[PDB]
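Trainee: Provided below: start-v5.cif, containing mmCIF, C-alpha atoms.
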data_input
loop_
_atom_site.label_atom_id
_atom_site.label_comp_id
_atom_site.auth_asym_id
_atom_site.auth_seq_id
_atom_site.Cartn_x
_atom_site.Cartn_y
_atom_site.Cartn_z
CA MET W 1 57.13 105.94 141.68
CA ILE W 2 58.56 104.78 138.33
CA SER W 3 60.53 106.69 135.64
CA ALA W 4 59.82 106.46 131.92
CA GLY W 5 63.57 105.69 131.57
CA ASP W 6 63.01 102.53 133.66
CA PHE W 7 59.94 101.30 131.70
CA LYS W 8 59.51 97.64 130.80
CA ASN W 9 56.77 96.09 128.71
CA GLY W 10 53.91 95.39 131.11
CA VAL W 11 54.60 97.94 133.87
CA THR W 12 51.68 100.00 135.11
CA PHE W 13 51.40 103.60 136.32
CA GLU W 14 48.99 106.45 137.15
CA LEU W 15 48.39 109.26 134.54
CA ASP W 16 45.44 111.76 133.93
CA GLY W 17 43.42 109.96 136.63
CA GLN W 18 44.21 106.86 134.57
CA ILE W 19 46.03 103.53 134.93
CA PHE W 20 48.05 102.61 131.82
CA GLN W 21 50.16 99.60 130.90
CA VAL W 22 53.21 99.83 128.66
CA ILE W 23 52.59 97.71 125.54
CA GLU W 24 55.76 98.75 123.72
CA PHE W 25 58.28 101.58 123.58
CA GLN W 26 61.45 103.00 122.12
CA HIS W 27 63.93 104.76 124.41
CA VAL W 28 65.68 107.13 121.95
CA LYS W 29 68.97 108.84 122.75
CA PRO W 30 69.52 111.23 119.82
CA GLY W 31 72.96 112.68 119.06
CA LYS W 32 71.52 116.21 119.26
CA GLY W 33 68.92 117.32 121.76
CA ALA W 34 66.98 115.53 124.44
CA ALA W 35 66.30 111.85 124.99
CA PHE W 36 62.72 110.67 124.98
CA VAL W 37 60.75 107.49 125.54
CA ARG W 38 58.16 106.91 122.81
CA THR W 39 55.42 104.52 124.03
CA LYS W 40 52.32 102.53 123.14
CA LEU W 41 50.09 102.30 126.22
CA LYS W 42 46.98 100.30 127.12
CA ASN W 43 44.34 101.99 129.25
CA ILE W 44 43.63 99.18 131.76
CA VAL W 45 40.20 100.50 132.75
CA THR W 46 38.69 101.33 129.31
CA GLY W 47 40.89 99.02 127.18
CA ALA W 48 41.81 101.84 124.74
CA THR W 49 45.34 102.10 123.15
CA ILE W 50 47.24 105.44 122.96
CA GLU W 51 50.70 106.78 122.01
CA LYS W 52 52.62 109.05 124.36
CA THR W 53 56.20 110.36 124.54
CA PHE W 54 57.92 110.98 127.95
CA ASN W 55 61.15 112.55 129.19
CA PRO W 56 63.15 109.58 130.59
CA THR W 57 63.41 111.31 134.00
CA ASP W 58 59.59 111.89 134.30
CA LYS W 59 58.35 109.95 137.37
CA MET W 60 54.84 108.57 137.81
CA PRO W 61 53.12 106.65 140.60
CA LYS W 62 53.11 102.86 140.28
CA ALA W 63 49.53 101.62 140.07
CA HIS W 64 47.87 99.65 142.89
CA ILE W 65 47.50 96.15 141.46
CA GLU W 66 46.23 92.88 143.00
CA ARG W 67 48.57 89.93 142.47
CA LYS W 68 46.87 86.55 143.01
CA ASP W 69 48.79 83.26 143.01
CA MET W 70 47.03 80.90 140.60
CA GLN W 71 47.93 77.55 139.09
CA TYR W 72 48.83 77.78 135.44
CA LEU W 73 47.30 74.74 133.81
CA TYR W 74 47.89 74.67 130.02
CA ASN W 75 47.68 76.54 126.73
CA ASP W 76 45.50 75.43 123.85
CA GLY W 77 46.14 77.68 120.88
CA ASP W 78 45.43 81.31 121.81
CA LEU W 79 44.01 80.67 125.34
CA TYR W 80 45.83 79.97 128.62
CA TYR W 81 43.92 78.32 131.53
CA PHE W 82 44.53 78.94 135.25
CA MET W 83 42.97 77.50 138.41
CA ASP W 84 42.18 79.32 141.65
CA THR W 85 43.93 77.23 144.34
CA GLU W 86 41.21 78.01 147.00
CA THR W 87 37.94 78.00 144.99
CA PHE W 88 39.04 75.66 142.18
CA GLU W 89 37.35 77.91 139.62
CA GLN W 90 39.14 78.01 136.28
CA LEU W 91 39.91 81.13 134.30
CA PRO W 92 40.83 81.39 130.59
CA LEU W 93 43.05 84.28 129.48
CA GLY W 94 43.82 85.30 125.87
CA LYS W 95 47.29 85.62 124.32
CA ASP W 96 47.14 89.45 124.46
CA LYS W 97 47.27 89.31 128.27
CA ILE W 98 50.06 86.67 128.30
CA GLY W 99 52.55 87.62 125.57
CA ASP W 100 55.72 85.56 125.93
CA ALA W 101 55.44 85.42 129.80
CA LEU W 102 54.76 81.65 129.87
CA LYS W 103 57.28 80.56 127.18
CA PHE W 104 59.54 78.99 129.82
CA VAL W 105 56.90 78.17 132.49
CA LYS W 106 55.89 74.54 132.92
CA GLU W 107 52.33 73.29 133.15
CA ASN W 108 51.04 73.42 136.77
CA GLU W 109 53.46 76.13 137.95
CA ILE W 110 52.14 78.85 140.24
CA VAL W 111 52.04 82.26 138.57
CA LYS W 112 50.69 85.68 139.72
CA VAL W 113 47.61 86.92 137.93
CA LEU W 114 47.52 90.73 137.98
CA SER W 115 44.29 92.67 138.37
CA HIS W 116 43.42 96.31 138.97
CA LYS W 117 39.83 96.85 140.06
CA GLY W 118 38.85 93.24 139.78
CA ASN W 119 39.87 93.58 136.14
CA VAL W 120 42.52 90.99 135.12
CA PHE W 121 45.04 92.38 132.58
CA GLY W 122 48.17 90.19 132.73
CA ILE W 123 50.40 87.82 134.64
CA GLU W 124 53.71 87.77 136.45
CA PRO W 125 55.69 84.50 136.15
CA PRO W 126 58.47 83.58 138.53
CA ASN W 127 61.59 85.62 137.72
CA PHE W 128 63.61 82.39 137.26
CA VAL W 129 62.84 78.84 136.19
CA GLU W 130 64.82 75.64 135.82
CA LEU W 131 64.15 73.55 132.69
CA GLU W 132 65.66 70.50 131.04
CA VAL W 133 67.19 70.84 127.58
CA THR W 134 65.36 68.30 125.41
CA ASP W 135 67.22 68.83 122.06
CA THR W 136 70.36 70.55 120.88
CA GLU W 137 73.39 69.76 118.79
CA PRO W 138 75.92 68.12 121.17
CA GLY W 139 78.93 70.27 121.99
CA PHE W 140 81.85 71.00 124.29
CA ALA W 141 79.62 81.28 121.44
CA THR W 142 76.09 79.89 121.58
CA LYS W 143 73.88 77.32 119.89
CA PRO W 144 70.09 76.95 119.67
CA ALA W 145 68.30 74.49 122.00
CA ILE W 146 64.77 73.29 122.71
CA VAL W 147 63.72 73.06 126.38
CA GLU W 148 60.99 70.92 127.92
CA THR W 149 58.23 73.51 127.44
CA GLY W 150 58.90 73.28 123.67
CA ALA W 151 60.40 76.78 123.55
CA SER W 152 63.77 77.56 121.93
CA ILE W 153 66.66 79.36 123.59
CA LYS W 154 70.36 80.18 122.95
CA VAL W 155 72.79 78.24 125.18
CA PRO W 156 76.59 77.85 125.48
CA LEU W 157 78.08 75.04 123.40
CA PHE W 158 78.70 72.82 126.44
CA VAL W 159 75.07 72.63 127.45
CA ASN W 160 73.65 69.43 126.00
CA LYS W 161 70.41 67.43 125.92
CA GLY W 162 69.59 66.17 129.43
CA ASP W 163 71.10 69.21 131.21
CA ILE W 164 69.00 71.46 133.50
CA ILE W 165 69.38 75.17 133.01
CA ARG W 166 68.27 78.28 134.79
CA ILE W 167 66.45 80.84 132.71
CA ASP W 168 65.32 84.46 133.29
CA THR W 169 61.65 84.69 132.30
CA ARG W 170 61.77 88.46 131.80
CA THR W 171 64.58 88.41 129.20
CA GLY W 172 64.16 84.82 128.04
CA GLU W 173 67.90 84.22 128.61
CA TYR W 174 70.13 81.44 129.86
CA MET W 175 71.66 82.16 133.25
CA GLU W 176 73.59 79.04 134.14
CA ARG W 177 73.43 75.27 134.42
CA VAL W 178 71.78 73.33 137.26
CA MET S 1 53.16 46.05 124.22
CA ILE S 2 50.18 48.28 125.12
CA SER S 3 46.92 46.85 126.64
CA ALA S 4 43.68 48.25 125.23
CA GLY S 5 42.48 48.82 128.83
CA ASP S 6 45.39 51.25 129.22
CA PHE S 7 44.53 53.25 126.07
CA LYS S 8 44.32 57.02 126.43
CA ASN S 9 44.37 59.90 123.95
CA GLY S 10 47.57 60.14 121.86
CA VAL S 11 48.70 56.53 122.43
CA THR S 12 49.92 54.94 119.17
CA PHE S 13 49.92 51.21 118.37
CA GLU S 14 50.18 48.68 115.51
CA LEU S 15 47.11 46.76 114.32
CA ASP S 16 46.32 45.04 111.00
CA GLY S 17 49.49 46.38 109.36
CA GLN S 18 48.51 49.97 110.25
CA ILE S 19 49.62 52.48 112.85
CA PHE S 20 46.85 54.17 114.81
CA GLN S 21 46.65 57.08 117.18
CA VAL S 22 43.86 57.20 119.80
CA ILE S 23 41.82 60.36 119.42
CA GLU S 24 38.77 59.39 121.48
CA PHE S 25 38.09 56.60 123.97
CA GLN S 26 35.53 55.26 126.48
CA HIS S 27 36.09 52.38 128.88
CA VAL S 28 32.84 50.44 129.40
CA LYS S 29 31.74 47.87 131.96
CA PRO S 30 28.28 46.35 131.45
CA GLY S 31 28.76 40.50 130.14
CA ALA S 32 32.05 41.54 128.56
CA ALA S 33 33.81 44.87 129.29
CA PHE S 34 34.95 46.83 126.21
CA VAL S 35 36.92 49.87 125.07
CA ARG S 36 35.37 52.05 122.35
CA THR S 37 37.89 54.08 120.35
CA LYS S 38 38.16 56.59 117.55
CA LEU S 39 41.50 55.97 115.81
CA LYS S 40 43.44 58.15 113.33
CA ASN S 41 45.36 56.11 110.78
CA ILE S 42 48.76 57.89 110.89
CA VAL S 43 49.74 56.90 107.31
CA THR S 44 46.43 57.25 105.39
CA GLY S 45 44.78 59.86 107.58
CA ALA S 46 41.50 57.92 107.78
CA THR S 47 39.59 58.11 111.04
CA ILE S 48 37.84 54.90 112.12
CA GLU S 49 35.97 53.46 115.10
CA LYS S 50 37.13 50.28 116.78
CA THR S 51 36.02 48.36 119.89
CA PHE S 52 38.48 46.28 121.91
CA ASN S 53 38.65 43.82 124.75
CA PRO S 54 40.55 45.64 127.56
CA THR S 55 42.80 42.54 127.83
CA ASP S 56 43.89 42.84 124.15
CA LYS S 57 47.59 43.74 123.75
CA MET S 58 49.17 45.49 120.72
CA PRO S 59 52.72 46.59 119.87
CA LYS S 60 53.50 50.22 120.63
CA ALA S 61 54.11 52.06 117.34
CA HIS S 62 57.56 53.40 116.39
CA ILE S 63 57.73 55.56 113.29
CA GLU S 64 60.79 54.94 111.09
CA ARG S 65 62.83 58.23 110.67
CA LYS S 66 65.48 58.38 107.93
CA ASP S 67 67.81 61.34 107.29
CA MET S 68 67.68 62.30 103.60
CA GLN S 69 68.92 65.25 101.58
CA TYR S 70 66.26 67.53 100.11
CA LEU S 71 67.27 68.14 96.42
CA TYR S 72 64.59 70.22 94.66
CA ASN S 73 60.96 70.59 93.73
CA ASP S 74 60.11 69.77 90.06
CA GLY S 75 56.52 70.98 89.79
CA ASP S 76 54.42 68.60 91.89
CA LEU S 77 57.17 66.29 93.07
CA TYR S 78 59.83 66.88 95.73
CA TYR S 79 63.04 64.91 95.33
CA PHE S 80 65.05 63.56 98.30
CA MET S 81 68.30 61.54 98.32
CA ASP S 82 70.01 58.91 100.39
CA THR S 83 73.39 60.49 101.31
CA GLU S 84 75.25 57.11 101.33
CA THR S 85 73.64 55.25 98.39
CA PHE S 86 72.48 58.24 96.30
CA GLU S 87 69.13 56.56 95.67
CA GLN S 88 66.37 59.12 95.18
CA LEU S 89 62.81 59.35 96.50
CA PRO S 90 60.17 61.52 94.72
CA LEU S 91 57.32 62.67 96.97
CA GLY S 92 54.09 64.46 96.24
CA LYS S 93 52.91 67.64 97.89
CA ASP S 94 50.27 65.62 99.72
CA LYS S 95 53.03 64.09 101.87
CA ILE S 96 55.05 67.33 102.37
CA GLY S 97 52.51 69.77 103.78
CA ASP S 98 54.25 72.85 105.17
CA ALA S 99 57.36 70.89 106.20
CA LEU S 100 59.71 72.56 103.70
CA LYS S 101 58.71 76.16 104.59
CA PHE S 102 62.19 76.91 105.99
CA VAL S 103 64.19 74.15 104.18
CA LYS S 104 66.66 75.28 101.50
CA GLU S 105 67.88 72.93 98.72
CA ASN S 106 70.48 70.32 99.83
CA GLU S 107 69.57 70.45 103.50
CA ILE S 108 69.05 67.25 105.44
CA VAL S 109 65.57 66.40 106.74
CA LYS S 110 63.93 63.35 108.32
CA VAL S 111 61.58 61.24 106.26
CA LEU S 112 58.82 59.48 108.25
CA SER S 113 57.60 56.08 107.13
CA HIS S 114 55.77 52.94 108.22
CA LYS S 115 56.35 49.51 106.61
CA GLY S 116 57.38 51.32 103.42
CA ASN S 117 54.74 54.10 103.11
CA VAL S 118 56.19 57.58 103.59
CA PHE S 119 53.66 59.87 105.24
CA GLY S 120 55.64 62.95 106.25
CA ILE S 121 58.78 65.04 106.56
CA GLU S 122 60.30 66.69 109.65
CA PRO S 123 62.56 69.71 109.12
CA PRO S 124 65.48 70.47 111.40
CA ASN S 125 64.45 72.42 114.50
CA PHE S 126 66.73 75.32 113.52
CA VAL S 127 67.93 76.63 110.21
CA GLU S 128 70.17 79.32 108.74
CA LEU S 129 68.59 81.24 105.84
CA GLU S 130 69.49 84.31 103.80
CA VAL S 131 67.24 87.34 103.83
CA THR S 132 66.18 88.09 100.24
CA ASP S 133 63.75 90.99 100.74
CA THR S 134 63.22 93.66 103.40
CA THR S 135 58.20 102.27 113.10
CA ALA S 136 57.47 104.47 116.11
CA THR S 137 57.25 102.07 119.08
CA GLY S 138 58.18 98.56 117.83
CA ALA S 139 61.50 96.98 116.92
CA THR S 140 60.82 94.75 113.91
CA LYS S 141 60.18 94.95 110.22
CA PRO S 142 58.87 92.38 107.72
CA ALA S 143 61.33 90.31 105.67
CA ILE S 144 61.33 87.38 103.27
CA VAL S 145 63.97 84.65 103.28
CA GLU S 146 65.33 82.55 100.41
CA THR S 147 62.71 79.85 100.76
CA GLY S 148 59.93 82.46 100.29
CA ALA S 149 58.91 82.47 103.96
CA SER S 150 57.93 85.71 105.73
CA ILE S 151 59.56 86.55 109.04
CA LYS S 152 59.83 89.57 111.37
CA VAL S 153 63.36 90.86 111.93
CA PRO S 154 65.25 93.58 113.87
CA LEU S 155 65.62 96.91 112.12
CA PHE S 156 69.37 96.42 111.44
CA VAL S 157 68.82 93.22 109.42
CA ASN S 158 69.46 93.71 105.70
CA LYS S 159 69.02 91.78 102.46
CA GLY S 160 71.94 89.35 102.29
CA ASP S 161 72.18 88.73 106.02
CA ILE S 162 71.94 85.09 107.14
CA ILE S 163 69.62 84.54 110.11
CA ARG S 164 68.89 81.64 112.50
CA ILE S 165 65.26 80.57 112.63
CA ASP S 166 63.16 78.32 114.88
CA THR S 167 61.26 76.29 112.27
CA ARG S 168 58.44 75.33 114.66
CA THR S 169 57.55 78.95 115.49
CA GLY S 170 58.97 80.59 112.34
CA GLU S 171 60.72 83.14 114.61
CA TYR S 172 64.07 84.88 114.25
CA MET S 173 66.68 84.02 116.84
CA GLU S 174 69.77 85.96 115.73
CA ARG S 175 72.00 86.79 112.74
CA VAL S 176 74.61 84.33 111.47
#
Transcribe the structure of this file into structure tokens.
Mentor:
Amino acid sequence: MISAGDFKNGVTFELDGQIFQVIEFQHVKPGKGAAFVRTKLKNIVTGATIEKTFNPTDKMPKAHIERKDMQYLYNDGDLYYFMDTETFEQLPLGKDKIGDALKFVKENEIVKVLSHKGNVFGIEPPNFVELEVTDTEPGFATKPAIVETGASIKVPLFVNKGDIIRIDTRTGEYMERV
Amino acid sequence: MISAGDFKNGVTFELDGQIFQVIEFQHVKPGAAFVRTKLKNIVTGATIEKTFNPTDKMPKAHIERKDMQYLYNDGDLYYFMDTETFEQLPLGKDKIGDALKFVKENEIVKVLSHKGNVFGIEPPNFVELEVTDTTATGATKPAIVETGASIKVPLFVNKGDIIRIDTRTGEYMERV
């Protein structure tokens, strides 16, 4: 069971004999009257996109998803390549299924590839990663930095080039050094 | 020094007063072993084929990178300045590409050269630019910054706000 008030981009649930994925949403708390969660959903089975509005307290059943560990290889433009670690078959996935999920994930890291009825719709990276800062203005309040994957991130002023930092892949945020 | 037998894609070396990047290669053993290459001339942009003895050694390339101030664009030329000597350098659009997309006048960039020929510009990784011009389920709106570049911003961002931008991705990071 999951509430509309606890939605995150990418979560999946059962509705109208259907499995949907949250593409985007606004949780609105108006000054007068009731709160509501206004959503854009992807039908996982048919691939259709719909808009729906929920009461934040509405609960729905979490979908039954298969999560397979696969080796993330590399990204070349709009496609991301993964390898099955038992059959060694490779699988390309398009940007639409990836989003920003691999921004902070190094080449060759194990990620979970999510499927419903053999139908692959997205991925789940590790919750946390540790990456080296490869460029930032030296310092001793935040500043921008580049990390080893090439991605940018805000860090405290005392994190400098050469330092290893822990990052939350869900938010894209700095946690701490080391 | 790099040995031709160790060439792989993306290696860069000096040869005949040029700098080359390896874009294709084959190592061959028949008589005499050879390496077939396709090389991109980093300065001129020409792509050539060359064959080497795997024993051949060449200097690894190092591009010269010089901080200069970007001044202004007068039609087809872009003027840059040495911040210590005040000497200026006019460059054509051919050399600039999209490098100045997020670079406002008087900002410092890196000018890339080899043995005197300038072939490119690198902007800073991050810039601060003013917003000059600016939904049911999403949380961004289109905006234009002072350089003319388009960028998606949060709904609270207004004309006149200064925003931090990743120049590689063209993405908004935060206000200020």
Trainee: Check which residues of chain W sit at most 7 Å from chain S using only C-alpha atoms, and return one row each with the closest pair of atoms and their distance in Å to one decimal, ordered by chain and rising number, as JSON lines.
Mentor:
{"residue": "W:24", "atom": "CA", "partner": "S:137", "partner_atom": "CA", "distance": 5.9}
{"residue": "W:25", "atom": "CA", "partner": "S:137", "partner_atom": "CA", "distance": 4.6}
{"residue": "W:26", "atom": "CA", "partner": "S:137", "partner_atom": "CA", "distance": 5.3}
{"residue": "W:38", "atom": "CA", "partner": "S:137", "partner_atom": "CA", "distance": 6.2}
{"residue": "W:39", "atom": "CA", "partner": "S:137", "partner_atom": "CA", "distance": 5.8}
{"residue": "W:40", "atom": "CA", "partner": "S:137", "partner_atom": "CA", "distance": 6.4}
Trainee: I would like the residues chosen by the PyMOL selection byres ((chain W and resi 117) around 9) on the shown file; could you give them as a ChimeraX atom specification?
Mentor: /W:45,64-66,115-116,118-120
Trainee: Do you know which residues are at most 12 Å from stretch 2-15 of chain S counting only C-alpha atoms, after dropping those on the same chain fewer than 3 positions away, and could you put them as a PDB file with C-alpha atoms, in the frame of the given file?
Mentor:
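What follows is the written file around01.pdb:
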ATOM      1  CA  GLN S  18      48.510  49.970 110.250  1.00  0.00           C
ATOM      2  CA  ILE S  19      49.620  52.480 112.850  1.00  0.00           C
ATOM      3  CA  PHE S  20      46.850  54.170 114.810  1.00  0.00           C
ATOM      4  CA  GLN S  21      46.650  57.080 117.180  1.00  0.00           C
ATOM      5  CA  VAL S  22      43.860  57.200 119.800  1.00  0.00           C
ATOM      6  CA  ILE S  23      41.820  60.360 119.420  1.00  0.00           C
ATOM      7  CA  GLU S  24      38.770  59.390 121.480  1.00  0.00           C
ATOM      8  CA  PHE S  25      38.090  56.600 123.970  1.00  0.00           C
ATOM      9  CA  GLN S  26      35.530  55.260 126.480  1.00  0.00           C
ATOM     10  CA  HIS S  27      36.090  52.380 128.880  1.00  0.00           C
ATOM     11  CA  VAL S  28      32.840  50.440 129.400  1.00  0.00           C
ATOM     12  CA  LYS S  29      31.740  47.870 131.960  1.00  0.00           C
ATOM     13  CA  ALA S  33      33.810  44.870 129.290  1.00  0.00           C
ATOM     14  CA  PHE S  34      34.950  46.830 126.210  1.00  0.00           C
ATOM     15  CA  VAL S  35      36.920  49.870 125.070  1.00  0.00           C
ATOM     16  CA  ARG S  36      35.370  52.050 122.350  1.00  0.00           C
ATOM     17  CA  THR S  37      37.890  54.080 120.350  1.00  0.00           C
ATOM     18  CA  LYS S  38      38.160  56.590 117.550  1.00  0.00           C
ATOM     19  CA  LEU S  39      41.500  55.970 115.810  1.00  0.00           C
ATOM     20  CA  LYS S  40      43.440  58.150 113.330  1.00  0.00           C
ATOM     21  CA  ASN S  41      45.360  56.110 110.780  1.00  0.00           C
ATOM     22  CA  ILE S  42      48.760  57.890 110.890  1.00  0.00           C
ATOM     23  CA  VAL S  43      49.740  56.900 107.310  1.00  0.00           C
ATOM     24  CA  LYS S  50      37.130  50.280 116.780  1.00  0.00           C
ATOM     25  CA  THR S  51      36.020  48.360 119.890  1.00  0.00           C
ATOM     26  CA  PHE S  52      38.480  46.280 121.910  1.00  0.00           C
ATOM     27  CA  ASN S  53      38.650  43.820 124.750  1.00  0.00           C
ATOM     28  CA  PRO S  54      40.550  45.640 127.560  1.00  0.00           C
ATOM     29  CA  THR S  55      42.800  42.540 127.830  1.00  0.00           C
ATOM     30  CA  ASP S  56      43.890  42.840 124.150  1.00  0.00           C
ATOM     31  CA  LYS S  57      47.590  43.740 123.750  1.00  0.00           C
ATOM     32  CA  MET S  58      49.170  45.490 120.720  1.00  0.00           C
ATOM     33  CA  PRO S  59      52.720  46.590 119.870  1.00  0.00           C
ATOM     34  CA  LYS S  60      53.500  50.220 120.630  1.00  0.00           C
ATOM     35  CA  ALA S  61      54.110  52.060 117.340  1.00  0.00           C
ATOM     36  CA  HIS S  62      57.560  53.400 116.390  1.00  0.00           C
ATOM     37  CA  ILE S  63      57.730  55.560 113.290  1.00  0.00           C
ATOM     38  CA  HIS S 114      55.770  52.940 108.220  1.00  0.00           C
ATOM     39  CA  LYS S 115      56.350  49.510 106.610  1.00  0.00           C
TER      40      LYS S 115
END
Trainee: Could you list, as a PyMOL selection string, every residue matched by the PyMOL selection byres ((chain W and resi 177) around 7) in this structure?
Mentor: chain W and resi 164-166+176+178
Trainee: Only C-alpha atoms, please: the residues just picked out, written as a CSV table (one decimal), in the frame of the given file.
Mentor:
chain,number,residue,atom,x,y,z
W,164,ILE,CA,69.0,71.5,133.5
W,165,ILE,CA,69.4,75.2,133.0
W,166,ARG,CA,68.3,78.3,134.8
W,176,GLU,CA,73.6,79.0,134.1
W,178,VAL,CA,71.8,73.3,137.3
Trainee: If I put a ball of radius 12 Å at (52.5, 106.5, 124.9) in the file's coordinates, which residues poke into it when counting only C-alpha atoms, written as a ChimeraX atom specification?
Mentor: /W:4,7,9,13,15,20-27,36-43,48-55 /S:136-137
Trainee: From the set S:124, S:155, S:141, S:49, which residue has the shortest atom-to-atom contact distance to residue W:136, counting all atoms listed in the file?
Mentor: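 For residue W:136, the nearest of the given residues is S:124.
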Trainee: Using all atoms listed in the file, pick whichever of W:121, W:74, W:80, W:88 has the shortest atom-to-atom distance to residue W:19.
Mentor: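 Comparing W:121, W:74, W:80, W:88 against residue W:19, the winner is W:121.
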Trainee: For a quick check of understanding, using all atoms listed in the file, which of S:167, S:147, S:117, S:134 has the smallest distance to residue S:65?
Mentor: S:117
Trainee: Which residue is closest to residue S:149? Choose from S:121, S:109, S:32, S:100 and count all atoms listed in the file.
Mentor: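 Result for the nearest residue to residue S:149: S:100.
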Trainee: How far is it from atom CA of residue W:130 to atom CA of residue W:167, in Å with one decimal?
Mentor: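 The value is 6.3 Å.
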Trainee: In file coordinates, which residues lie within 10 Å of (56.0, 94.0, 106.1) using only C-alpha atoms, given as an MDAnalysis selection string?
Mentor: chainID S and resid 133:134 140:144 150:153
Trainee: Because the input lacks atoms here, generate N, CA, C and O atoms for stretch 36-47 of chain S and report them as a compact mmCIF listing (two decimals), in the frame of the given file.
Mentor:
# COMPACT_ATOMS: atom_id res chain seq x y z
N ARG S 36 35.72 51.40 123.61
CA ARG S 36 35.37 52.05 122.35
C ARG S 36 36.42 53.09 122.02
O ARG S 36 36.80 53.87 122.89
N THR S 37 36.87 53.13 120.77
CA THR S 37 37.89 54.08 120.35
C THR S 37 37.52 54.74 119.03
O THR S 37 36.80 54.15 118.19
N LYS S 38 37.95 55.99 118.88
CA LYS S 38 38.16 56.59 117.55
C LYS S 38 39.66 56.66 117.31
O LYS S 38 40.42 57.17 118.18
N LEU S 39 40.09 56.11 116.17
CA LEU S 39 41.50 55.97 115.81
C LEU S 39 41.82 56.74 114.54
O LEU S 39 41.11 56.60 113.56
N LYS S 40 42.92 57.50 114.55
CA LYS S 40 43.44 58.15 113.33
C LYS S 40 44.52 57.24 112.75
O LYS S 40 45.48 56.86 113.44
N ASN S 41 44.35 56.85 111.49
CA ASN S 41 45.36 56.11 110.78
C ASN S 41 46.47 57.11 110.40
O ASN S 41 46.28 57.99 109.58
N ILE S 42 47.63 56.94 111.03
CA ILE S 42 48.76 57.89 110.89
C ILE S 42 49.25 58.02 109.43
O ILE S 42 49.59 59.11 108.99
N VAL S 43 49.25 56.91 108.69
CA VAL S 43 49.74 56.90 107.31
C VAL S 43 48.68 57.45 106.33
O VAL S 43 48.96 58.36 105.55
N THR S 44 47.47 56.90 106.38
CA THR S 44 46.43 57.25 105.39
C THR S 44 45.61 58.46 105.79
O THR S 44 45.04 59.13 104.93
N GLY S 45 45.54 58.75 107.09
CA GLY S 45 44.78 59.86 107.58
C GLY S 45 43.30 59.58 107.81
O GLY S 45 42.58 60.46 108.25
N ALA S 46 42.87 58.35 107.51
CA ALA S 46 41.50 57.92 107.78
C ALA S 46 41.25 57.91 109.26
O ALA S 46 42.13 57.60 110.03
N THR S 47 40.02 58.26 109.65
CA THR S 47 39.59 58.11 111.04
C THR S 47 38.49 57.03 111.12
O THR S 47 37.44 57.13 110.45
